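Student: Would you mind keeping the following structure in view while I ask a few things?
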Amino acid sequence: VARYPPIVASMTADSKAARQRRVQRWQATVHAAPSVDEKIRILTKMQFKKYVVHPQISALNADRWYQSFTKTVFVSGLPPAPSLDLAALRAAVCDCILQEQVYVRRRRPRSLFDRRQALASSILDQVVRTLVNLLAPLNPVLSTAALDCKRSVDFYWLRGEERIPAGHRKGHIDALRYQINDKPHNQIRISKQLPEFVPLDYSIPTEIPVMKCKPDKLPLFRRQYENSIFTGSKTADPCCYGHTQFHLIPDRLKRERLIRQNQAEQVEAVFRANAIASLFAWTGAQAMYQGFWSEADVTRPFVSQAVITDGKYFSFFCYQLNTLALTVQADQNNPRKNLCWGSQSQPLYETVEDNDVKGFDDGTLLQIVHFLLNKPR
Amino acid sequence: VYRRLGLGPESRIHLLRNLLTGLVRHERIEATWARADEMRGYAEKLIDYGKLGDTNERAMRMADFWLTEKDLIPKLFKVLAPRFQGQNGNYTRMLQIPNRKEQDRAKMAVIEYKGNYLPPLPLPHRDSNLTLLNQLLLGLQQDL
RNA sequence: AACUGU
RNA sequence: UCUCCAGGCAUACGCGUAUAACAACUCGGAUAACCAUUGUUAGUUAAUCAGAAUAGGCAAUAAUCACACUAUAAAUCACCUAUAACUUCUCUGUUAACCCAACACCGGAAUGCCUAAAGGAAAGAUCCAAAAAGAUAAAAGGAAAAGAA
């Protein structure tokens with residue numbers, strides 16, 4: 001009858017094991033937080049210097065670097081898988097706003113450079129509004145959906161660790177902090193989770209990108225500010241899920257300038273980097289709203305889709321979130337990984353002369369129609 | 001009857017506690033002569049607690065408090081205590097070592113746990129009986 | 001007045 | 001690894017290489033270990049962080065979760081009408097344990113976030129002198145507790 005005490009490190013010692021034991025005590029308290037809001041506050045109450053991640057960035061292989069920070073595998077192509085007169089939607093998609101850009105009179109921009117960019121925003125907003133109404137009868141989900149215009153989505157995640165090279169804290173171990181802030185042109189928020197495109201724990205031979213150099217070597221800077229995880233709306237909003245996300249690439253990153261800059265190959269990278277960053281951050285926030293965090297991985301896969309357009313070409317991306325444990329401690333033994341499916345950007349039309357649109361491609365619209373018609377089972 | 005060490009009486013216990021824990025793990029520790037003598041008494045008394053038995057609640061409480069590392073508690077009852085069951089005392093051996101060349105010239109001594117598997121220390125050897133003086137005394141012994 | 005090595 | 005202590009991280013300002021690695025052990029640290037010293041070499045990466053046209057016409061009604069509601073200390077360019085210009089990402093800031101006090105001075109030093117997950121060590125060794133200082137304990141007694149004027 002020997003009551004041997006557990007063979008564990010002393011809590012009050014100044015050592016790695018003792019510090020780890022103290023860390024566990026705090027992490028136990030996080031597990032003991034009843035409300036989801038309390039969990040977010042505890043995780044973000046302390047502000048520390050962290051990498052600032054831009055969803056749209058010109059860095060080479062930024063999508064690959066983002067995947068390494070996110071643990072996302074990007075498979076090329078779309079994810080594995082009521083008549084409406086597709087021809088009627090070829091025009092009900094409102095070439096009328098393409099007709100209105102020639103009719104609707106508005107005060108000329110002073111800059112003279114934003115004229116092109118302003119035109120693209122007007123058409124996209126009008127097209128989105130009409131499409132939601134046109135597709136509402138077929139898919140009841142669209143009726144209950146919430147449409148967000150140029151609102152911010154934020155996610156804060158930790159992956160990896162680093163050793164301080166110098167200073168008063170030289171040699172101390174600190175985690176690599178990342179923050180993603182995105183403002184999608186449009187996104188749709190629904191109260192019900194979308195249907196999964198593949199069962200959770202799905203495994204493929206492809207491997208996540210690995211980065212040899214430090215994040216700072218690629219242009220990236222750390223700053224200390226509030227840590228935020230946002231789905232595009234507060235937790236009080238009933239629509240804690242979403243249907244689709246819409247993005248518009250700026251003129252600087254458009255194909256013509258990139259080809260002149262010799263970064264023609266990076267056109268797809270810009271599409272991928274924005275899609276992965278926007279969808280992962282947006283998907284991650286949704287899971288946190290459900291109470292799933294790093295030490296409590298999601299029990300159900302979280303899926304989302306987003307479309308990125310350069311003003312003429314349109315690309316479709318689908319993301320599935322499988323792991324919320326991305327920290328070295330939380331991801332120490334995790335077999336699950338995040339999966340992203342993307343498609344190449346395709347033109348939606350050719351030109352708009354006179355007062356009509358010529359060269360409109362229904363195939364891209366069909367993907368939008370096919371995407372919009374999808375609903376949870 | 002007690003040396004003044006550390007910053008306070010509790011520190012002495014903690015300092016003694018740390019020294020006792022270190023000795024058990026390694027079985028041979030080098031420290032200042034004054035400190036080594038102070039900790040020698042505690043080490044011998046602890047072995048008596050180990051001999052008392054594992055099931056003894058007081059021994060378990062004493063072992064837990066004195067030994068910070070809990071892996072040592074099985075060792076005391078299954079290594080240290082069984083080893084010295086035959087012996088009635090003198091469990092610890094303390095010997096003088098040349099003073100430290102650390103600019104303070106403190107008195108240095110080595111305290112070791114007897115019966116250990118460590119290499120034998122260079123202990124002093126008494127004069128052999130073959131010496132002329134010893135032989136003469138032996139002759140006196142034989143005559144008597 | 002109490003309080004206390006005043 | 002253990003014992004114990006509990007203002008930490010960013011920016012501003014100032015400082016200006018004190019940063020990091022190597023090599024030295026003479027000088028600097030009011031002693032060593034080790035460097036903050038000596039010599040040599042390296043360093044801080046930004047379209048997102050920070051810094052670096054003109055002439056007329058015309059404006060009554062604070063804020064305080066701004067609604068009610070009052071008050072007194074009385075508290076916010078725009079937009080129109082004409083003229084002029086017509087395709088753009090360079091330059092500069094980014095190191096540090098750092099500053100002002102003759103000093104590696106127990107002093108002074110703004111803001112934001114947070115309160116330990118961050119950040120730290122009172123023991124150069126021995127002795128247990130007197131005397132002195134600080135802290136703790138008081139048998140009986142109470143000027144030889146927090147109550148009144």
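Within each chain, counting starts at residue 1; across the structure tokens, chains are named A, B, ... in the order shown, with ligands numbered 1 upward in that order.
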Just need the residues of chain A within 10 Å of chain D, counting only C-alpha atoms (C1' of nucleotides), so spit them out as an NGL selection string.
Tutor: :A and (9-10 or 12-20 or 22-27 or 45-49 or 52-54 or 56-57 or 111-113 or 165-170 or 216-226 or 252)
Student: Taking only C-alpha atoms into account, find every residue of chain B that has an atom no more than 6 Å from chain A, and write it out as a list in words.
Tutor: residues 54, 55, 70 and 71 of chain B
Student: Just give me the gap between CA of residue 92 (chain A) and CA of residue 147 (chain A) in Å, one decimal is fine.
Tutor: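 Taking CA of residue 92 (chain A) and CA of residue 147 (chain A), their separation equals 19.2 Å.
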Student: Dump as a short mmCIF file (atom, residue, chain, number, x, y, z; two decimals) with N, CA and C atoms, in the first residue's frame the residues of chain B that approach chain D to within 12 Å, counting only C-alpha atoms (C1' of nucleotides).
Tutor:
data_model
loop_
_atom_site.label_atom_id
_atom_site.label_comp_id
_atom_site.auth_asym_id
_atom_site.auth_seq_id
_atom_site.Cartn_x
_atom_site.Cartn_y
_atom_site.Cartn_z
N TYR B 2 23.46 23.15 15.07
CA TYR B 2 23.07 23.28 13.68
C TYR B 2 23.83 24.44 13.05
N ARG B 3 24.38 24.21 11.87
CA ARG B 3 25.08 25.26 11.14
C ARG B 3 24.09 26.24 10.53
N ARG B 4 24.52 27.49 10.39
CA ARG B 4 23.72 28.53 9.77
C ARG B 4 24.13 28.65 8.30
N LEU B 5 23.24 28.22 7.41
CA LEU B 5 23.50 28.22 5.98
C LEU B 5 22.30 28.81 5.25
N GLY B 6 22.55 29.30 4.04
CA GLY B 6 21.49 29.90 3.26
C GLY B 6 21.11 31.27 3.79
N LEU B 7 19.93 31.73 3.35
CA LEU B 7 19.40 33.02 3.77
C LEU B 7 18.42 32.91 4.93
N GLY B 8 18.11 31.70 5.39
CA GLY B 8 17.21 31.51 6.50
C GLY B 8 17.08 30.05 6.89
N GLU B 10 14.47 28.15 6.81
CA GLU B 10 13.74 27.43 5.76
C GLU B 10 14.64 27.19 4.55
N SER B 11 15.46 28.18 4.19
CA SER B 11 16.39 27.99 3.09
C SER B 11 17.37 26.86 3.39
N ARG B 12 17.82 26.76 4.64
CA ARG B 12 18.69 25.65 5.02
C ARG B 12 17.99 24.32 4.79
N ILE B 13 16.72 24.22 5.17
CA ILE B 13 15.96 23.00 4.91
C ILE B 13 15.85 22.75 3.41
N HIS B 14 15.51 23.80 2.66
CA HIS B 14 15.46 23.67 1.21
C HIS B 14 16.84 23.35 0.64
N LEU B 15 17.87 24.03 1.13
CA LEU B 15 19.23 23.71 0.71
C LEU B 15 19.60 22.29 1.11
N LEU B 16 19.26 21.90 2.34
CA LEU B 16 19.46 20.51 2.75
C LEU B 16 18.59 19.57 1.92
N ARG B 17 17.35 19.98 1.63
CA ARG B 17 16.48 19.16 0.80
C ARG B 17 17.08 18.95 -0.58
N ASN B 18 17.59 20.02 -1.20
CA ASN B 18 18.20 19.88 -2.51
C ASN B 18 19.44 18.99 -2.45
N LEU B 19 20.27 19.18 -1.42
CA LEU B 19 21.48 18.36 -1.30
C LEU B 19 21.13 16.89 -1.12
N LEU B 20 20.13 16.60 -0.29
CA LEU B 20 19.73 15.21 -0.08
C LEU B 20 19.21 14.59 -1.37
N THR B 21 18.39 15.34 -2.12
CA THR B 21 17.88 14.83 -3.39
C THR B 21 19.01 14.56 -4.37
N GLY B 22 19.98 15.48 -4.45
CA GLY B 22 21.09 15.28 -5.36
C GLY B 22 21.91 14.05 -5.02
N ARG B 25 20.22 10.75 -6.21
CA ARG B 25 20.26 10.52 -7.65
C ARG B 25 21.63 10.03 -8.10
N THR B 32 31.18 21.82 0.04
CA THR B 32 31.99 22.36 1.13
C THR B 32 31.94 21.43 2.33
N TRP B 33 33.06 21.33 3.05
CA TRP B 33 33.15 20.40 4.17
C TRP B 33 32.08 20.70 5.21
N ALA B 34 31.87 21.97 5.54
CA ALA B 34 30.89 22.32 6.56
C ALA B 34 29.49 21.87 6.15
N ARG B 35 29.11 22.13 4.89
CA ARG B 35 27.79 21.74 4.43
C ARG B 35 27.66 20.22 4.37
N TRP B 66 11.16 15.37 1.19
CA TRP B 66 12.61 15.56 1.07
C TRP B 66 13.08 15.35 -0.36
N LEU B 67 12.50 14.39 -1.08
CA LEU B 67 12.90 14.08 -2.44
C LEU B 67 11.94 14.77 -3.40
N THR B 68 12.41 15.84 -4.04
CA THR B 68 11.57 16.57 -4.99
C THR B 68 11.21 15.71 -6.19
N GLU B 69 12.17 14.96 -6.71
CA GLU B 69 11.93 14.09 -7.86
C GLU B 69 11.30 12.79 -7.37
N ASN B 99 41.16 21.77 -1.36
CA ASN B 99 40.29 22.94 -1.39
C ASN B 99 40.12 23.45 -2.81
N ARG B 100 38.98 24.09 -3.05
CA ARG B 100 38.66 24.61 -4.37
C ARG B 100 39.58 25.76 -4.74
N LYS B 101 40.05 25.76 -5.99
CA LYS B 101 40.86 26.86 -6.52
C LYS B 101 39.98 27.88 -7.23
N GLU B 102 39.01 28.40 -6.48
CA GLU B 102 38.03 29.35 -7.00
C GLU B 102 38.21 30.74 -6.41
N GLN B 103 39.39 31.05 -5.89
CA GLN B 103 39.78 32.32 -5.30
C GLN B 103 39.21 32.51 -3.90
N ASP B 104 38.35 31.61 -3.42
CA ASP B 104 37.86 31.66 -2.05
C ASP B 104 38.47 30.58 -1.17
N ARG B 105 39.06 29.54 -1.76
CA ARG B 105 39.78 28.51 -1.02
C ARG B 105 38.90 27.88 0.06
N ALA B 106 37.66 27.59 -0.30
CA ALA B 106 36.75 26.94 0.63
C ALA B 106 37.18 25.50 0.88
N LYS B 107 36.88 25.00 2.08
CA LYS B 107 37.20 23.63 2.42
C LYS B 107 36.27 22.68 1.68
N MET B 108 36.85 21.73 0.95
CA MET B 108 36.10 20.82 0.10
C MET B 108 36.16 19.41 0.66
#
Student: Just want the 9 Å neighbourhood of residue 58 (chain A), counted on only C-alpha atoms (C1' of nucleotides), with same-chain residues fewer than 3 positions away dropped. Output as number ranges by chain.
Tutor: A: 61-62, 253, 266, 269-270
Student: Grab the residues selected above and save them as an mmCIF file, in the first residue's frame with C-alpha atoms.
Tutor:
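Contents of part.cif, as written:
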data_model
loop_
_atom_site.group_PDB
_atom_site.id
_atom_site.type_symbol
_atom_site.label_atom_id
_atom_site.label_comp_id
_atom_site.auth_asym_id
_atom_site.auth_seq_id
_atom_site.Cartn_x
_atom_site.Cartn_y
_atom_site.Cartn_z
ATOM 1 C CA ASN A 61 5.307 31.393 -54.187
ATOM 2 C CA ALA A 62 3.177 33.200 -51.602
ATOM 3 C CA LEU A 253 -1.698 42.361 -59.872
ATOM 4 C CA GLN A 266 2.617 34.331 -60.612
ATOM 5 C CA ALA A 269 -0.126 32.199 -57.442
ATOM 6 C CA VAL A 270 -1.976 35.435 -56.655
#
Student: So the first atom is CA of residue 290 (chain A) and the second is CA of residue 133 (chain A); what is the distance between them in Å, to one decimal place?
Tutor: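 Separation between CA of residue 290 (chain A) and CA of residue 133 (chain A): 29.5 Å.
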